[PDB]
Amino acid sequence: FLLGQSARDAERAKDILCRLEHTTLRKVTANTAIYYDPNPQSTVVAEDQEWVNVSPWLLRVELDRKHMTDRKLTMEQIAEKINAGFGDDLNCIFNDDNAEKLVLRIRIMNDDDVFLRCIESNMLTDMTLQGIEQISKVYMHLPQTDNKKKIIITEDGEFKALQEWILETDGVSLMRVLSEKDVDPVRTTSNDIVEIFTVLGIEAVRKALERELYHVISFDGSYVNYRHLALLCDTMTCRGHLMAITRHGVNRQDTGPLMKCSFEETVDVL
Amino acid sequence: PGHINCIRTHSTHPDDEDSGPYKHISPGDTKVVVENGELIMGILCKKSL
Amino acid sequence: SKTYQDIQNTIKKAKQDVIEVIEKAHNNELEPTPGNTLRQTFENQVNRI
Amino acid sequence: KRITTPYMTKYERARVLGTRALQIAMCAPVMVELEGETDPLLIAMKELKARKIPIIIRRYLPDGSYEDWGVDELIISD
Amino acid sequence: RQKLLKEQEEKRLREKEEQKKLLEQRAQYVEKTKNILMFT
Amino acid sequence: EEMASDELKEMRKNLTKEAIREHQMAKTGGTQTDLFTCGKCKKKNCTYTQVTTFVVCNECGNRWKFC
Amino acid sequence: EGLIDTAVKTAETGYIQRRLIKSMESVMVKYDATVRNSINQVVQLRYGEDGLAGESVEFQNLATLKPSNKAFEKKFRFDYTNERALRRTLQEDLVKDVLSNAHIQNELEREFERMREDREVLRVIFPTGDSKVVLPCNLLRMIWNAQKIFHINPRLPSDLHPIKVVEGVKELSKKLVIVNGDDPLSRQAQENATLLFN
Amino acid sequence: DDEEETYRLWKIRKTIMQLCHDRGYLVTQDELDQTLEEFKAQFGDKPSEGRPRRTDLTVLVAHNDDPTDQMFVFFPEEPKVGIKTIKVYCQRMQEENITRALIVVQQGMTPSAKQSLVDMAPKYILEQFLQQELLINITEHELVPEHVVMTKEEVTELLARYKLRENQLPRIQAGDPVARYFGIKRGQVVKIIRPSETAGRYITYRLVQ
DNA sequence: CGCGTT
DNA sequence: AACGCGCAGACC
């Protein structure tokens, strides 16, 4: 749930979405070709970019424009990261943001043939140009029910539900998502259980498990008394740790062998 | 039995009826209103039984 | 009878709509709905129709 | 200094009725005038209504203590 | 009305207590800052 | 971003708008009407879905069903 | 497809229910009015966070929830100034009393303050404004039965002094007890348990 | 980065101040909610080798009723804090009568440092917190209800009242984020207050073990 | 396999 | 240079 002014307008929410979603070179790149141009000033390709800027080999990694504009990146920071990631060992010449082709030139200075292949492969498979891991892709849907719209008691007294933008991710992090600015660090749940136990607390886990169980059981319109759900959650969160309902979670309690064998692992517990 | 009091809505009850007139006198014979254990108005269905 | 005529007209309209959706998808006009791909949005529109 | 609930739980009531019916079936002195019935369960129910069953329930608590209640002492539900 | 007035005066006394707490906090910070200075 | 030409700036703005529109999610469909009053916000606007007559609050967002 | 789905559902739900039952087959409410397992480990100080059975509970609405401040004020304040309305509702032997006696006026003002406090508590407790809540006794049905039995006839001036209603509600709240005990902690737990109902 | 580092430092300082206030350590109501303009104006807003350097923004707050009790909040610059740093901190702390401290590490301290931390425990209590966890306050989270660290007197009162052994109460490991937030340790009961939809408010207890 | 300590 | 551990992987 967006907290700042980004919650109302979508312009200042796309940036939050981009910074939360995982972007990599494999996403903002179109083609990659390894060339053996001997002299940098020779330039086997027709590109007037090295002479202005000034090893017998390089990699031309031409980036796409639409994806770069969607993620709102700049070759400056891309090159900064691609240099800081590998140290002061490479010299990645970038291109201005005026030409049509978003070409690059990765060169190494100080087996060498395959080294460029290996390095390009391991930077393309993962680089993290702007985003956090785990989170694959983030959505952007408006809240249609009261379970997500913002609620605020006006001066007159009425609740008056407000329709604010909200992002629906696909991974788990929470620790890194709540820290981002323009993100409500109060209403941003997680949908997972172990994640809430590691992030918030055992009591937050009990509340979250209750909500998820209620949701999955009331999704079909049915109704179950809250007492049964609360009792189940309490039995699961009594011993602090989230005791699993399976054998591995129930047979660990100090109940007794006559009761543990009644369930499972008969001969073992005996 | 007894003096039971309850109100229930019939299945084929138009929602745009309580707002307009004929609230306590439904033309379609809906709005089950039992008083002192005596059916007065409305038809019985799963919503009432 | 008249119910049958209405049902046949509705089915013919639905067929025409799905044929138009197919023609649009072939000629490349149906833009991808946000959050869904081209085939996904085509199937969604056909199913909704 | 008894803290348990003053009402008769359904479990206690059912068990007391069954036990009194069994004691009656084994030829035991009744605690109420019989109007003309012979079913021991019905006699136990009548005895419960009259509040004359000579039984006291020993309700145990989680700690280990126990409170002894009387059918004529605590209030009956049904 | 006099009851409202004495309630107002009690609120004023609470505000004075807030002021005295603030002045004590400042009087202790004026000395605690030296330990933070010598620490570095 | 500020030094680019007018055509380049217009293209960048259009691309950004297209990306923002595609990243969004399709709103849930339904028959919007003001005949049902939502008990969670007291508003009249809402949507109805027949499949079981489910009601989705429009402004307040009250969720309910009628049989 | 439907037949296969039914078969797999019947095959999985069986194991699910078996595990759910073996996890809590021992939990039970003790005579100390607290839920515990076979190891006497407290799972709930009071069953269902209230100490009430799930059978005698029905759905009801919270009247003081999601109101408009002005609507709530004019509906739950009992104006003891409109002598015409006071005569219309109560009787002459009570209008003069509610006008002269100021102790009654102070008591009603204190009652309204308590009503406002409970409304704020509900608002901060039930976010999103959900009036539908499960409670034991259905007070609306009870009031309706009382009317139909005693033949109230809603039209003539009734004979019920507000001080009587206030003292009756207070005595009833004192009677309904869950955590028996004059201890400060006992009283705090009793109040917290029967809060929503009161 | 410069601005981002300053924003993270400011957020961490705010979280530490709120944590200290919840535990009981008297903190200025001003610093308890200061914004970032004053943070800049006080420090410098040039963490990239400038004035706002770590170890200088450390804070020493004293407990409310016990002015003789205080606690430091260090901010080592070493990403992977070692043992020489904590050793020198304890050696410099040994001068004063303080006992409690709190380390805020950039990255996870080496396992060898935790050994010394628990070894120096009975004489000087010190616990570590990652910056990644301090950037957000979990107590203000919707799920996290209200917690209270009770005292031995009222704990014994509760036990004697309920005629229940402390071992029977629910459990909450000390490694719990909220437990570490409150600084509670083994053998201590925390009170939890929850909005129960079937009883307004519901109060429960959990012993740390 | 990597860090840090002895 | 060898040992204390911890994460990841592999294997059962």
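Residues numbered from 1 in each chain as written, not as in the entry; some residues may be left out. Chains lettered and ligands numbered in written order. Part of a larger assembly, values for the part shown. Heavy atoms only, no water. Residues with missing side-chain atoms left out of burial classes, pairs and counts.

- Method of determination, as given in the entry header: cryo-EM; reported resolution: 3.1 Å.

**Quick word on the overall build of chain E**
1) Next: Check the secondary structure of chain E and you find 1 helix and 0 strands.
2) Next: Principal-axis analysis of the C-alpha atoms places the extent of chain E at approximately 60 × 10 × 5 Å. (Helix = DSSP H or I, 4+ residues; strand = E, 2+ residues; numbered from the N terminus.)

**Re the environment of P185 of chain A**
1) Next: Positionally, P185 of chain A belongs in the loop between helix 7 (175–178) and helix 8 (194–199).
2) Next: C-alpha separation for the pair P185 of chain A and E133 of chain A, spaced 52 residues apart in sequence, amounts to 19 Å.
3) Next: Sequence-distant contacts of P185 of chain A, that is, excluding residues within four places in its chain, are made with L3 and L178 of chain A together with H141 of chain H. (Contact = heavy atoms within 4.5 Å.)

**Details of helix 5 (residues 102–125) of chain G**
1) Next: The end-to-end C-alpha separation of helix 5 of chain G is 34 Å, in line with the 34 Å expected for 24 residues at 1.5 Å each.
2) Next: Residues of helix 5 of chain G that are buried in the fold lie against helix 2 (69–75), helix 4 (92–100) and helix 7 (162–175) of chain G together with strand 7 (188–196) and strand 8 (200–208) of chain H.
3) Next: Here helix 5 of chain G starts with a cap whose side-chain oxygen sits 2.5 Å from the backbone nitrogen of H103 of chain G, and that cap is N101 of chain G. (Expected span 1.5 Å × (residues − 1). Polar contact = N/O pair within 3.5 Å; in protein donor to acceptor, adjacent residues only side chain to side chain.)

**A few points about the UniProt feature "binding site: Zn(2+)" in chain F**
Residues and elements named next belong to chain F.
1) Next: UniProt records the feature "binding site: Zn(2+)" for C38, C41, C57 and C60 in the present numbering.
2) Next: Of note, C38 is situated in the loop between strand 1 (31–33) and strand 2 (46–50).
3) Next: With respect to the helices and strands, the residue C60 is situated in the loop between strand 3 (53–57) and strand 4 (63–66). (UniProt positions renumbered as here; feature names shortened; annotations may be inferred.)

**A short note on the pairing of strand 4 (residues 125–130) of chain H**
Residue and element names in this part refer to chain H.
1) Next: Relative to strand 4, strand 3 (residues 100–105) runs parallel, the two sharing 6 bridges. Opposite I103, over in strand 4, you have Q128 as the bridge partner.
2) Next: Since strand 3 and strand 4 lie parallel, the crossover through helix 4 (residues 111–119) that links them has a hand, and here it is right-handed. (Pairing = 2+ DSSP bridges. Right-handed = clockwise from strand over helix to strand, strands pointing away.)

**Remarks on the sheet that holds strand 4 of chain F**
All names here are of chain F.
1) Next: Pairing in this open sheet of 4 strands is antiparallel, and the strands run 1-2-3-4 from one edge to the other. Each edge of the sheet is formed by a strand with only one pairing partner; in this case those strands are strand 1 and strand 4. This sheet shows a mean twist of 30° between the axes of neighbouring strands, independent of strand direction.
2) Next: Of the pairings in the sheet, the one linking strand 1 to strand 2 comprises 3 bridges and is antiparallel in character. Residue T33 lies in a different strand from strand 2, and its bridge partner there is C46. (Axes fitted to C-alpha atoms, helices over the stretch in contact; angles between N-to-C directions.)

**Details of the arrangement of the chains**
1) Next: Pairwise contact counts over the 11 pairs of chains in contact peak for chains A and G.
2) Next: Where chain A comes nearest to chain B, the C-alpha atoms are still 16 Å apart, and the two do not contact one another.
3) Next: When C-alpha atoms are compared, chain A and chain C, though not in contact, are closest at a spacing of 7 Å.

**Concerning the packing of aromatic side chains**
1) Next: One pass over the structure, following the stated rule, counts 12 aromatic pairs over all chains.
2) Next: Their ring planes at 45° and their centres at 6.1 Å tell us that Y7 of chain H and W10 of chain H sit as a pair that is tilted. Placement of the pair is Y7 of chain H and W10 of chain H together in helix 1 (residues 3–23), with a separation of 3 residues, close to one helical turn.
3) Next: You can call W10 of chain H buried: its relative accessible area is 13%.
4) Next: Here a set of aromatic residues connected by ring pairs shows up, and it is made of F39 of chain E together with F72, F74 and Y89 of chain H.
5) Next: Here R77 of chain G stacks its cationic end above the ring of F112 of chain G, 5.0 Å away from the centre of that ring.
6) Next: Taking NZ or CZ as reference, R161 of chain H lies 5.1 Å from the ring centre of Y162 of chain H, over its face. (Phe/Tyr/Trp six-rings, centres within 6.5 Å; stacked < 30°, edge-to-face > 60°. Buried < 20%, exposed > 50% of the residue type's maximum accessible area, 1.4 Å probe, protein only. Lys NZ or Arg CZ within 6 Å of the ring centre and 35° of its normal.)

**Some points on the pattern of salt bridges**
1) Next: According to the stated counting rule, one finds 33 salt bridges over all chains in the structure shown.
2) Next: Among the ionic pairs, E203 of chain A bridges to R194 of chain H, the shortest N-O distance being 2.4 Å. Taken together, the residues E203 of chain A in helix 9 (residues 202–218) and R194 of chain H in strand 7 connect one chain to another. In this pair, the class of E203 of chain A matches that of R194 of chain H, namely buried. (Salt bridge = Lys/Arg side-chain N within 4 Å of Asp/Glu carboxyl O.)

**Brief notes about the interface of chain G and chain A**
1) Next: Each side of the interface is counted separately: chain G has 37 residues, and chain A has 32 residues.
2) Next: Run the count over chain G and chain A and you get 1 salt bridge.
3) Next: A salt bridge links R206 of chain A to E49 of chain G; its shortest N-O distance comes to 2.7 Å.
4) Next: For the pair chain G and chain A, the interface holds 12 residue pairs in polar contact.
5) Next: Per-element tally for the side of chain G that touches chain A: the top contributor is helix 1 (residues 2–24) of chain G, with 7 residues.
6) Next: By residue class, the composition of the side of chain G that touches chain A is 16 nonpolar, 12 polar and 9 charged. (Nonpolar A, V, L, I, M, F, W, Y, C, P; charged D, E, K, R; others polar.)

**Some words on the nonpolar core**
1) Next: Formed by 48 residues in total, the largest nonpolar core has its most connected members in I196 and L200 of chain A together with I12, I16 and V104 of chain H.
2) Next: For this core, the element with the most residues is helix 1 of chain H, which contributes 7 residues.
3) Next: Two domains share this core, each providing at least three of its residues, namely domain 1 (1–136) and domain 2 (137–209) of chain H.
4) Next: Ignoring sequence-local partners within four residues, the contact set of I196 of chain A consists of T189, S190, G201, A204, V205 and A208 of chain A together with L143 of chain H.
5) Next: Core analysis: the next-biggest nonpolar cluster, separate from the first, contains 22 residues, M75, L104, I106 and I119 of chain A among them. (Core = buried A, V, L, I, M, F, W, Y, C linked by side-chain atoms within 4.5 Å. Domains from an automatic or database assignment.)

**Brief notes about the packing of helix 1 (residues 10–25) of chain D against helix 2 (residues 40–50) of chain D**
Residues and elements named next belong to chain D.
1) Next: The N-to-C vectors of helix 1 and helix 2 enclose an angle of 125°; their axes lie 8 Å apart at closest approach. The pairing of helix 1 with helix 2 is recorded here as oblique in orientation. Note on packing geometry: the crossing formed by helix 1 with helix 2 is right-handed. Seen from helix 1, the contacting residues are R13, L17, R20, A21, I24 and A25; seen from helix 2, they are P40, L41, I43, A44, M45, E47 and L48.
2) Next: Residues that form the contact of helix 1 with helix 2 fall into these classes: 10 nonpolar, no polar and 3 charged. (Parallel < 35°, antiparallel > 145°, perpendicular 65-115°, else oblique. Left-handed = near helix turned anticlockwise from the far one by under 90°.)

**Points about the sheet that holds strand 5 (residues 146–149) of chain H**
1) Next: The 4 strands are arranged 5-7-8-6 (chain H) in an open sheet whose pairing can be described as mixed. One side of each edge strand has no neighbouring strand; the edge strands of this open sheet are strand 5 and strand 6 (171–172) of chain H.
2) Next: Those strands touched by helix 9 of chain A are strand 5, strand 6, strand 7 and strand 8 of chain H, and its axis lies near 135° from that of strand 8 of chain H.

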